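Here the structure comes first, spelled out in structure tokens, and everything after it is commentary.
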Amino acid sequence: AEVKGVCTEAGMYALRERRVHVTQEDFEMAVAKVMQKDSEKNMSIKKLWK
Amino acid sequence: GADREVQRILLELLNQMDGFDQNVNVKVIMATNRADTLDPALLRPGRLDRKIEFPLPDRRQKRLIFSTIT
Amino acid sequence: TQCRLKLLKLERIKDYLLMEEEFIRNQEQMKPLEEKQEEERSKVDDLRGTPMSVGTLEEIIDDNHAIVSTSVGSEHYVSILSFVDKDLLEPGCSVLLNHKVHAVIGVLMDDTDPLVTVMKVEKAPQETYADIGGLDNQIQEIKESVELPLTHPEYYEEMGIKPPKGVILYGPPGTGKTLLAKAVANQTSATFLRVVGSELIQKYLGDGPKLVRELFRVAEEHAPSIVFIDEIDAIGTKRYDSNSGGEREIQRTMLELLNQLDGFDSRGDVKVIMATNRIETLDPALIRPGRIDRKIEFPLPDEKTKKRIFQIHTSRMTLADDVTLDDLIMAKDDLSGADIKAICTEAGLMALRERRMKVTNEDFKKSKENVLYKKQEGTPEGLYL
Amino acid sequence: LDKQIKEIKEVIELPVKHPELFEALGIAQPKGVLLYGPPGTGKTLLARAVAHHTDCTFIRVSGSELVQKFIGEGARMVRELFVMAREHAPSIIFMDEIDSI
Amino acid sequence: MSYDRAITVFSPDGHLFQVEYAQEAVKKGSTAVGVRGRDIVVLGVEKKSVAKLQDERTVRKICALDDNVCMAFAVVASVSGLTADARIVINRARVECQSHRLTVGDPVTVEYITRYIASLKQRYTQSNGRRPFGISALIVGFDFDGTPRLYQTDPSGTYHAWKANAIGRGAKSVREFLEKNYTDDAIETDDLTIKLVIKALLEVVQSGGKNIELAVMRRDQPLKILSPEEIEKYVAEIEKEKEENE
Amino acid sequence: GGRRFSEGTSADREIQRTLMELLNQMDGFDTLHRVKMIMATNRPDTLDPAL
Amino acid sequence: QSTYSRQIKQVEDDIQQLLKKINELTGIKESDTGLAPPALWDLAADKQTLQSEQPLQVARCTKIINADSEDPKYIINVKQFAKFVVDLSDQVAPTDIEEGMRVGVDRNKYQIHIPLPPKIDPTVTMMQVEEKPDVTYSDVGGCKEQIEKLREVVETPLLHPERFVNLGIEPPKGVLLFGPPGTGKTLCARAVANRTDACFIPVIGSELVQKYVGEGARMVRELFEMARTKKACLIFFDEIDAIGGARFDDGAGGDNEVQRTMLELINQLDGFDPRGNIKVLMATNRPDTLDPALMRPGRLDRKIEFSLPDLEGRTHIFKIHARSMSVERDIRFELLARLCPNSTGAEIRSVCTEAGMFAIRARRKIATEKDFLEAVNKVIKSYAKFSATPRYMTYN
Amino acid sequence: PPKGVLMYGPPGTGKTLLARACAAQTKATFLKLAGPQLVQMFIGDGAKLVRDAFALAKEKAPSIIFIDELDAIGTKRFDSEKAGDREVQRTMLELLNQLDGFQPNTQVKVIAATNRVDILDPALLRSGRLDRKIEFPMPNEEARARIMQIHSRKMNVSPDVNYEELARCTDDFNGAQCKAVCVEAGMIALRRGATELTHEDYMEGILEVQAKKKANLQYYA
Amino acid sequence: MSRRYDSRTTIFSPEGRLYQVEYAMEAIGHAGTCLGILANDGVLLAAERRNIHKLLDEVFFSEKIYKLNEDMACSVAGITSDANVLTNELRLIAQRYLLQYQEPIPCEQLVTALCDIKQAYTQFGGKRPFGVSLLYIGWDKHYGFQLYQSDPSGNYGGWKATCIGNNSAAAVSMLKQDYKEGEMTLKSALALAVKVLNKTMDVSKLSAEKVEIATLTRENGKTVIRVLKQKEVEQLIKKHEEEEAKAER
Amino acid sequence: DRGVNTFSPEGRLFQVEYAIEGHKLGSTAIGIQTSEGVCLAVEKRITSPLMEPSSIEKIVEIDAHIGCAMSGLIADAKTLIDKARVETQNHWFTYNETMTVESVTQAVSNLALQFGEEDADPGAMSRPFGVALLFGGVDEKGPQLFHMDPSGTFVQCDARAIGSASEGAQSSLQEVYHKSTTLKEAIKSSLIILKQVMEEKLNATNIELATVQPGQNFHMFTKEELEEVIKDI
């Protein structure tokens, strides 16, 4: 779910930059943003979804 | 009779929901605040793609809000 | 032999003969049934009309009326009209009523509910008596209660004793309380009702004693019948937290079993098979004698015996004799019949996986290995002594 | 997860697709399939995926009473689901815990 | 102590629950047979569940209470050895045997130990928040006389002397086969008495010499627990005798 | 004033519909003006967490 | 061979032709008559039909008004939940009318032709009840003093009211059967009811309580009322252990449903109206559960313990059981009785049963003393652990 | 004038009898109300039932409402996060409303009988829902002799036997029981052949109504 | 009040087991691998070290390898909580015996003193039994090298090779397959123990943070109790790991 | 739930009513006081010949001139007998002569009912014993037979029976046994009554008799003596 979250987060970045193609830059920011969600999952010792 | 109506209403709603994909329309947006007085059937994906999270605000986030009301 | 055959031919003829003789001859006669009787039937069809409102006969009352609740969501007070017999009809049947004036024209409808369908689960065992290895005698004591009054009721009635009903299958589980229930059912060739005990405790309140009453009704008509209640223990220990019935609901349901068994109303030739892992967690009255007559303990099948059952198992999952038959048996020390199945069932899966139709030695070793994770082999009993 | 696929594929998919293969070989048809393992291993998704692969319906019992009209509840609904599954055969009946409700 | 919560309370059935729960746990398994000879008494247990990787030398399921008193025990379940439960009865009985020999200059008799088992079970009954052990012990030994004795106790605490008895996995079945084997020659010849124990154990389930452990006592001399290697030789010779009579 | 419920009778079910309606009417997208709505209770604990 | 083959094919073939006759004559749809009692039953119903009774929709009188149209006017509410203002017919005689009771009104012109019979509001309770069957005293175990004591209470006042009135003492209503199971509390209740020859209503404690709160109040209320109106009723409230329990609430459902039946029985009994023509018999294994209201007299005049019998009594259960059997009388009834003391009525019948099990295996038609001896020593040792009595007797 | 008065304390103290007496003194209607009838099988209709029952008492004239077993209507300590019924909650609240002076409470009086006040919640009890709190202790020694004095009149008795002596022996009796002991003694009396009850019949009478199952001689002495 | 709360878990069951010992039996199985193998010059224990982080103090010798005496050592399968009180008590008993007898204590003598206490809890008192099952390894004069196992009521059994904990059936069968009654030396004996731990454990290459192995070896007539250090353990891992590599081929 | 300690509305304790039943479960013992001496007879009722019949005992000595037959749970009685042995010799140290049937019986009976299931000392009973003892001997005063109950009611008897046949046998003794019946006739009376509760006929391996007669100490009857009473029943 987290892995797919990388592509999905990437799209938000492509709009923001105002690109038409999801560049490498979009992906750099996405891994780090997804890593913060993971960290939250682990802290809570329960899933995020409810 | 009461319990059955509400159940029927919801089935019709799921059926019509699925109808949106063929056309430009964006689907139902609903809030679950208590999820235990809600069916887990209604939280299943395949009609949901995006799920929004809200958490509790932290300190800094909270402060901003407090200025707007005052 | 000859006297019996002639008697049967005559009996069949007399019902036919008499019924018929009076009718056709009275059609010739100038005053009796004749025209009237044929007309009377025609007259029921015309009076009823179409449509017909359906009802269910709760009870008949001897006052020239009956209580039939009509399918319209209100109750009706019907009268014996449109040519019908009050006493002829037996309770619980669906009946046809003339709408125009409420009358029961007749009975033919049942309009079948799904509740009876869930109850009736017919038999067709995996393994059954006379393909099971060792402790031949242990099965034979069970038969005393279940099988033997079905096979020959004669011995019991002539002796003059209360016909044995009810058994408790107890002991540590691994002996096949489930297997024995299926096995007796095939052999007897009587109706098999299977209701799991967990099913009695429902998410509804107070439905549980009602569900017992129905179970036993469905058994009586079917009878000679066997009822296997798998695992009576489950309802008493557990609180599922799907009801607010609590301890009270279990208590009322257990009681309803007693009433239906002997009680004020008995149910004819329904035996009960209670598998249970334990006898000290169960309700006191439920396990009292005279709701059971036969009490039997199953101790685990012997290490030599595991071997005689295995040949059969290996042959069923294609015969190989290249297997280390002895090693698989040995490590496991006196535990479940279930493990022998697991080792053959898995091995055959593995063989297929490898892409062959023959189970080999390597496949038997592999399956064994997977089975030790899943269970604990027989390593518990070893540690203590 | 190369390991995971071979194990699930044998148990569930081969008998529903063809019981005949199992029957010739002499294996007993699978009764229970137990899924266990830590959360976040694609166990829920894999169940759904398996249904698509066999071309079998996925009948999920979610524990809703919104879903139930068969008798309006499901914990004495054992056989009524089995009858209807046989009609719209093959099927895989799924029981799920989301661990939140 | 603070614990006084009920575990035993009297029944209108005229019994104590624990005692009866224990008695069935010796019905269902752990074959222990004893025969009494004319110089020597031998007791045997079958199962230490030697799965061919376990130790046989140091494991004791027959414990010497004294040097002229020994007991072999049984009661089983899913928790198969109740060695622990036995181990208490064994330690208290061990001191008591020795103690009796300090005070009273006669070597302690089996009859003293049997009354002592009847009182231990009972004492545990009367005390608040306490429960009877599940054990049944075949108390073997020598008196003042030097006469060999075999006595058997039950989980209630009632004792009888018996020439030969079998308990476990059908107490009466093993004993009625064994009843033919108890003859005047068998009791006289010491060597035949060792075979009688082994010969009974074999009826329930046959073979194994490692599963079978038996301990022998001769006169007031100390307990000798026999090697499994001695047992294997003996089961082989017993199996041929069965073919000879029959 | 309702609670989480969801293992109850038909009587616990009807209370929730009414309780839902009040929430939206107050603050939802609809709101009062000069006109004031007064509630009376015996326990504030019987009340729905959302309320 | 030939003659029989011929007759089979022919008879069957005749039923097909006969099919028009099968339906009218025998029944099974389209006339279910034999026209000896239906000619009478139909005839009387017809006059009703013709005017305004049938279709008769069940309704009930909510209130007696005198407003709108005639001086007799009633507001009846039908079981579709609409009210109607109706008239009253003398066209055929109303016979069972009471406010709140079911009454019948017509759908063509809504007027009361005939009221429905007294308090048939639960149809559910009435169907299950047996009415006074015959149970022989060759299976109601023992002679015993225990049997005799209940009879004075239950049987004598109903059989003869003559005596009680003459002295000027009030007649029995109440008896409490309490003691552990398998002592035949149910078994005796049935036997004496037929002996007396008064109407028998057995009812299960579990059936009183049903899903909704206050649904349980409808069945009990109406059962006690129905009982009073008929001539001589005995309501045998059967086996309430936790279906009778003391008033409390847990805030999840509570004891509410259970106490509901209980409380309903209290309100009509003591009430502002006393118990009508209703006798009550209670079977409990736990008086520990019951409410202080039930335990005091006015429905529990005398407490009698029918519990485990005495040493002499166990011998008498053997003798009564032997009469039912066709086993030897050369088997000493006494020997069995001494060998298993502290045994309930149920256990002594299992001994006979067991004796028979050994007997069938051997392939004997008659039980032996050998089978018997064995059966008691297994009963004293094994059966004791399972038995109901240690826990139920502590409550009793 | 009282909103309602309360009677609480152990059964068998003659509350039902006392109710019948109240009714005769006032010359008014005692409107029988059962606490279980008010909660009903129909939902939300059950609440309408409480409104109607008090509503009618006003219309009938001034009335006294005899309510039996108010423990059925509800006990409000609610926080019940899971269910908790609440046909019962609606009726418990509606009952307060009718006692409140939106409608009179000087026209409707409530004679309430409940076995305990422990079971009951303070919302109901107050001092302006139920004004008097009258406890009913189990009869005194003299009280049981008076209870038998009425009873004695119905049958026939000796003047060598009274209740007062039996009251002195043991205090393990109640008013319902005192009736039962007189009725019990009469069965034996009748069985013998007598046109009375005597001291022998009563003395046996107390022993018989209480169960035995093996009795005593040298089991206790 | 008090009996009602008492779940009557101290009661005997008809079958002849104690409910508590059986529930304790499960507590041992959740928990990690502890195995002991007999060898002919020494004896070795291998236990799962479950304390892996990169910030570890190591204030103890080990949190599962306990030296009970100056001639005994033990390993743990079960709960750390029970293990800590118990481990101390095991020390007073081992040490007092050493004072009186002055010779190494039998492994059998060591399980029995504790057993009384275990049994006491279960039968009566309503006290939990200890959640650990201990594998004691030692050399005593009388038998030579020995290994003893104790269970939650103090049920004892002398074993040449035994294993309790996680994948107890798998470890004991495997070890049964290669080795049957004392066919190997001290060198080879460490290599099997780590191999078994390797398969049972989720990490399939191990390190010295994952395993901790302790040896008890009889040198110059006196029992030496040593917890091996991380350095020695890596050597043993490479020896088994390499042996596994050949197996495949 | 309810406790067991409670008094019932019958007016008796639950634990004690159960204990009387426990007496009824076991084997029958007859103790007859004759003025020629006191005989105690008990049924062995053996089911196996592998048993050694000497060591099935149910007559145990309180004293060296008082014998005791016990009934109900054999084990439960044995403890009471163990405490009794210590008192009789103890009595010899203090008084300087041997204990009487009366003195010993009242002292054991105090212990019989003491029961407090919770919040009572572990050196005191949680439940009463279900044993009835029959103490039969001839002492300084003369032949005395005292009967002890599990209810802790002691009473003096001349003929008492306890065990499964307890009510039946006790009635039947009152009939045959009187004080116009001699000691040997008491032995014949007991043997007949014994048979209904027994599974077989009377034999010298199926009875154990011991008589304590004036001027003599306790004698356990030998096989010859058992056989002389068997011949004529």
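Residues are named by chain letter and number: chains run A, B, ... in the order of the structure tokens, numbers start at 1 in each chain, and ligands are numbered from 1 in the order shown.
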Please identify all polymer residues within 8 Å of segment 157-160 of chain C, counting only C-alpha atoms, omitting same-chain residues fewer than 6 positions from it, and present them as a list in words. residues 324, 325, 326, 327, 356, 365, 366 and 367 of chain G
Sorted by chain and rising residue number, list the residues of chain J at most 8 Å from chain G (counting only C-alpha atoms), each with its closest atom pair and distance in Å to one decimal, as CSV.
```
residue,atom,partner,partner_atom,distance
J:1,CA,G:288,CA,7.2
J:2,CA,G:395,CA,6.3
J:3,CA,G:394,CA,7.3
J:4,CA,G:394,CA,5.9
J:8,CA,G:396,CA,7.7
J:14,CA,G:394,CA,6.4
J:21,CA,G:342,CA,6.7
J:24,CA,G:341,CA,6.7
J:25,CA,G:341,CA,6.1
J:164,CA,G:338,CA,5.6
J:165,CA,G:338,CA,6.3
J:167,CA,G:311,CA,7.4
J:168,CA,G:312,CA,7.8
J:196,CA,G:335,CA,5.5
J:197,CA,G:338,CA,5.2
J:198,CA,G:335,CA,7.6
J:199,CA,G:335,CA,7.3
```
Could you jot down the atom CA of residue 80 of chain J to atom CA of residue 108 of chain J separation for me, Å, one decimal place? 6.8 Å
Taking the backbone alone, and naming residues the way the document does, which bits of segment 229-356 of chain G are alpha helix (DSSP H) by DSSP, as a ChimeraX atom specification? /G:229,256-270,292-295,311-324,333-339,345-356
DSSP strand (DSSP E) residues within segment 3-96 of chain D, listed as a list in words: residues 57, 58, 59, 60, 61, 91, 92, 93, 94 and 95 of chain D
Long-range neighbours of segment 22-29 of chain A as a short mmCIF file (atom, residue, chain, number, x, y, z; two decimals) with N, CA and C atoms, in the first residue's frame, 7 Å cut-off, only C-alpha atoms, 6 positions minimum in chain:
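Final output, saved to around_27.cif:
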```cif
data_model
loop_
_atom_site.label_atom_id
_atom_site.label_comp_id
_atom_site.auth_asym_id
_atom_site.auth_seq_id
_atom_site.Cartn_x
_atom_site.Cartn_y
_atom_site.Cartn_z
N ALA A 10 3.59 11.14 -6.07
CA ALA A 10 4.32 11.68 -7.20
C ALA A 10 3.50 12.58 -8.10
N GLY A 11 2.19 12.11 -8.25
CA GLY A 11 1.28 12.86 -9.09
C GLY A 11 1.01 14.28 -8.52
N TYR A 13 3.01 16.05 -6.71
CA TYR A 13 4.17 16.81 -7.00
C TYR A 13 4.19 17.28 -8.50
N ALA A 14 3.71 16.44 -9.48
CA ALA A 14 3.81 16.83 -10.87
C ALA A 14 2.91 17.99 -11.15
#
```
May I ask for the distance between atom CA of residue 200 of chain G and atom CA of residue 185 of chain G, given in Å to one decimal place?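 Value for the atom CA of residue 200 of chain G-atom CA of residue 185 of chain G distance: 14.8 Å.
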I'd like the contact shell of segment 32-44 of chain J - 9 Å cut-off, only C-alpha atoms, skipping same-chain residues fewer than 4 positions apart - returned as a compact mmCIF listing (two decimals) with N, CA and C atoms, in the first residue's frame.
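To be explicit, this is the file written out as out11.txt:
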```
# COMPACT_ATOMS: atom_id res chain seq x y z
N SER J 27 -19.03 -50.06 52.54
CA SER J 27 -19.27 -51.30 53.20
C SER J 27 -19.80 -51.30 54.62
N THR J 28 -20.70 -52.26 54.91
CA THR J 28 -21.41 -52.47 56.19
C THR J 28 -20.61 -53.12 57.18
N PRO J 53 -6.21 -61.86 51.71
CA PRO J 53 -7.45 -61.47 52.48
C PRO J 53 -7.11 -60.95 53.87
N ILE J 56 -6.85 -57.02 53.90
CA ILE J 56 -7.96 -56.17 53.73
C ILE J 56 -8.50 -56.04 55.09
N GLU J 57 -8.37 -54.83 55.68
CA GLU J 57 -8.78 -54.57 57.03
C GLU J 57 -9.75 -53.48 57.00
N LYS J 58 -10.74 -53.61 57.91
CA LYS J 58 -11.61 -52.54 58.17
C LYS J 58 -11.97 -52.58 59.61
N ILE J 59 -11.26 -53.40 60.37
CA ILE J 59 -11.27 -53.42 61.78
C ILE J 59 -9.83 -53.11 62.10
N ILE J 66 -10.06 -52.49 72.85
CA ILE J 66 -11.14 -51.83 72.14
C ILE J 66 -10.72 -51.97 70.70
N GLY J 67 -11.69 -52.39 69.94
CA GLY J 67 -11.64 -52.64 68.49
C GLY J 67 -12.66 -51.74 67.88
N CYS J 68 -12.43 -51.37 66.56
CA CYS J 68 -13.29 -50.43 65.93
C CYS J 68 -13.51 -50.86 64.52
N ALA J 69 -14.81 -50.90 64.08
CA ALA J 69 -15.12 -51.17 62.69
C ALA J 69 -15.59 -49.83 62.12
N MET J 70 -15.25 -49.48 60.85
CA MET J 70 -15.51 -48.20 60.34
C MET J 70 -16.20 -48.31 58.98
N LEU J 134 -17.80 -47.28 64.61
CA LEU J 134 -18.38 -48.07 65.60
C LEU J 134 -17.25 -48.49 66.48
N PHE J 135 -17.13 -47.99 67.73
CA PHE J 135 -16.15 -48.31 68.73
C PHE J 135 -16.73 -49.37 69.64
N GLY J 136 -16.24 -50.60 69.55
CA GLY J 136 -16.73 -51.70 70.31
C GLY J 136 -15.61 -52.40 71.12
N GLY J 137 -15.79 -52.44 72.44
CA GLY J 137 -14.79 -53.09 73.31
C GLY J 137 -15.41 -53.31 74.62
N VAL J 138 -14.68 -53.98 75.50
CA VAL J 138 -15.06 -54.18 76.90
C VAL J 138 -13.88 -53.57 77.65
N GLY J 142 -16.98 -52.43 81.77
CA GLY J 142 -17.65 -53.53 81.31
C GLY J 142 -17.82 -53.41 79.78
N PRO J 143 -18.65 -54.29 79.10
CA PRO J 143 -18.81 -54.25 77.71
C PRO J 143 -19.54 -53.04 77.42
N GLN J 144 -18.99 -52.27 76.45
CA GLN J 144 -19.69 -51.09 76.05
C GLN J 144 -19.54 -51.05 74.52
N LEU J 145 -20.59 -50.55 73.84
CA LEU J 145 -20.52 -50.30 72.41
C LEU J 145 -21.04 -48.87 72.34
N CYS J 157 -24.99 -47.75 72.27
CA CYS J 157 -25.80 -48.71 71.58
C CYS J 157 -25.43 -50.05 72.18
N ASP J 158 -26.24 -50.96 71.85
CA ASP J 158 -26.03 -52.36 72.03
C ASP J 158 -25.92 -53.06 70.67
N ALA J 159 -26.62 -52.58 69.64
CA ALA J 159 -26.48 -53.19 68.37
C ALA J 159 -26.61 -52.03 67.44
N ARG J 160 -25.63 -51.86 66.51
CA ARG J 160 -25.64 -50.78 65.57
C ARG J 160 -25.04 -51.31 64.36
N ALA J 161 -25.67 -50.85 63.26
CA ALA J 161 -25.12 -51.12 61.93
C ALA J 161 -25.02 -49.81 61.16
N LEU J 173 -31.55 -55.68 63.50
CA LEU J 173 -30.84 -55.92 64.74
C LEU J 173 -31.57 -55.77 66.01
N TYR J 177 -31.34 -59.09 67.76
CA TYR J 177 -30.42 -58.78 68.85
C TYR J 177 -31.17 -58.08 69.96
N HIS J 178 -31.02 -58.66 71.25
CA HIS J 178 -31.52 -58.20 72.49
C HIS J 178 -30.54 -58.65 73.46
N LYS J 179 -30.83 -58.42 74.75
CA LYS J 179 -29.90 -58.76 75.78
C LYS J 179 -30.27 -60.07 76.42
N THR J 181 -29.91 -62.68 74.13
CA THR J 181 -29.26 -63.32 72.99
C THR J 181 -27.79 -63.30 73.39
N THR J 182 -27.10 -64.49 73.18
CA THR J 182 -25.76 -64.60 73.72
C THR J 182 -24.75 -64.15 72.66
N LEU J 183 -23.47 -64.18 73.01
CA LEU J 183 -22.47 -63.59 72.08
C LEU J 183 -22.29 -64.27 70.69
N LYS J 184 -22.29 -65.60 70.69
CA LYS J 184 -22.19 -66.48 69.53
C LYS J 184 -23.46 -66.29 68.67
N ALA J 186 -25.15 -63.48 68.43
CA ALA J 186 -24.93 -62.14 67.86
C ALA J 186 -24.22 -62.14 66.59
N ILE J 187 -23.16 -63.06 66.52
CA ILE J 187 -22.33 -63.42 65.34
C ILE J 187 -23.17 -64.07 64.25
N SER J 190 -25.58 -61.24 62.81
CA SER J 190 -24.87 -60.31 61.90
C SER J 190 -24.59 -60.82 60.46
N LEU J 191 -24.36 -62.11 60.41
CA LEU J 191 -24.06 -62.83 59.20
C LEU J 191 -25.25 -62.86 58.27
N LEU J 194 -25.93 -59.31 56.86
CA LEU J 194 -24.82 -58.94 56.01
C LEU J 194 -25.05 -59.24 54.52
N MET J 198 -23.97 -57.70 50.55
CA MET J 198 -22.91 -58.42 49.98
C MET J 198 -23.28 -58.86 48.63
N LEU J 202 -21.85 -65.76 52.34
CA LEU J 202 -20.94 -65.51 53.45
C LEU J 202 -19.93 -66.66 53.38
N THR J 205 -13.48 -66.04 54.03
CA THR J 205 -12.63 -65.02 53.41
C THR J 205 -13.46 -63.82 53.05
N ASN J 206 -14.77 -63.77 53.48
CA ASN J 206 -15.64 -62.69 53.09
C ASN J 206 -16.25 -62.10 54.37
N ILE J 207 -15.76 -62.54 55.56
CA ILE J 207 -16.05 -61.84 56.78
C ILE J 207 -14.69 -61.76 57.45
N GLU J 208 -14.57 -60.81 58.39
CA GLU J 208 -13.49 -60.65 59.33
C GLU J 208 -14.18 -60.40 60.65
N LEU J 209 -13.95 -61.20 61.65
CA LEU J 209 -14.52 -61.07 62.97
C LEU J 209 -13.45 -60.98 64.00
N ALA J 210 -13.72 -60.11 64.96
CA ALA J 210 -12.86 -59.94 66.10
C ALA J 210 -13.81 -59.65 67.24
N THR J 211 -13.60 -60.34 68.42
CA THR J 211 -14.29 -60.23 69.70
C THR J 211 -13.31 -59.95 70.84
N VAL J 212 -13.74 -58.98 71.65
CA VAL J 212 -13.09 -58.59 72.83
C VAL J 212 -13.99 -58.96 73.86
N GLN J 213 -13.58 -59.86 74.73
CA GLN J 213 -14.35 -60.49 75.77
C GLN J 213 -13.75 -60.17 77.06
N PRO J 214 -14.46 -60.10 78.23
CA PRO J 214 -13.91 -59.91 79.55
C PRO J 214 -12.68 -60.68 79.84
```
If you count only C-alpha atoms, which residues fall within 12 Å of residue 6 of chain D, apart from same-chain ones fewer than 4 positions away, as a ChimeraX atom specification? /C:349-350,352-354 /D:1-2,10-14
Shell of 9 Å around residue 62 of chain H, only C-alpha atoms, local chain residues under 2 positions omitted, as a PyMOL selection string: chain H and resi 28-29+57-60+64+106-109
Distance atom CA of residue 360 of chain C-atom CA of residue 320 of chain C, one decimal place?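 Taking atom CA of residue 360 of chain C as the start and atom CA of residue 320 of chain C as the end point, the length is 6.3 Å.
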Dump as number ranges by chain the residues of chain G that approach chain C to within 6 Å, counting only C-alpha atoms. G: 24, 28-33, 41-42, 54-58, 79-80, 206, 210-211, 242, 253, 325-326, 346-347, 350, 353, 365-366, 387-388
Store the residues picked out above, limited to C-alpha atoms, as a PDB file, in the first residue's frame.
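out_1.pdb written:
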```pdb
ATOM      1  CA  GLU G  24     -63.317 -34.279  -3.307  1.00  0.00           C
ATOM      2  CA  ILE G  28     -55.792 -33.014   0.237  1.00  0.00           C
ATOM      3  CA  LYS G  29     -57.137 -29.807  -1.434  1.00  0.00           C
ATOM      4  CA  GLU G  30     -60.563 -29.053  -2.999  1.00  0.00           C
ATOM      5  CA  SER G  31     -63.005 -30.259  -0.346  1.00  0.00           C
ATOM      6  CA  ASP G  32     -61.498 -31.940   2.598  1.00  0.00           C
ATOM      7  CA  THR G  33     -64.946 -33.287   3.766  1.00  0.00           C
ATOM      8  CA  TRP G  41     -70.072 -27.293  10.698  1.00  0.00           C
ATOM      9  CA  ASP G  42     -70.484 -25.687   7.297  1.00  0.00           C
ATOM     10  CA  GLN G  54     -66.709 -13.263   6.666  1.00  0.00           C
ATOM     11  CA  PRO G  55     -64.059 -11.984   5.576  1.00  0.00           C
ATOM     12  CA  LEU G  56     -63.487 -11.421   9.376  1.00  0.00           C
ATOM     13  CA  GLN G  57     -60.438  -9.484   9.996  1.00  0.00           C
ATOM     14  CA  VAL G  58     -58.999  -9.767  13.530  1.00  0.00           C
ATOM     15  CA  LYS G  79     -54.017  -5.611  12.832  1.00  0.00           C
ATOM     16  CA  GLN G  80     -53.092  -3.385   9.853  1.00  0.00           C
ATOM     17  CA  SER G 206     -37.615 -20.116  28.024  1.00  0.00           C
ATOM     18  CA  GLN G 210     -38.750 -13.586  23.748  1.00  0.00           C
ATOM     19  CA  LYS G 211     -36.692 -11.098  21.876  1.00  0.00           C
ATOM     20  CA  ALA G 242     -31.700 -18.679  35.060  1.00  0.00           C
ATOM     21  CA  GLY G 253     -29.332  -5.741  27.955  1.00  0.00           C
ATOM     22  CA  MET G 325     -39.193 -54.709  31.927  1.00  0.00           C
ATOM     23  CA  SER G 326     -39.603 -58.436  31.018  1.00  0.00           C
ATOM     24  CA  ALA G 346     -32.480 -41.414  36.434  1.00  0.00           C
ATOM     25  CA  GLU G 347     -29.393 -43.346  37.494  1.00  0.00           C
ATOM     26  CA  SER G 350     -29.555 -46.261  33.467  1.00  0.00           C
ATOM     27  CA  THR G 353     -30.417 -49.871  30.649  1.00  0.00           C
ATOM     28  CA  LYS G 365     -33.253 -61.515  25.173  1.00  0.00           C
ATOM     29  CA  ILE G 366     -33.259 -61.473  28.948  1.00  0.00           C
ATOM     30  CA  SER G 387     -23.809 -36.120  38.324  1.00  0.00           C
ATOM     31  CA  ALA G 388     -25.939 -32.957  38.626  1.00  0.00           C
TER      32      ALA G 388
END
```
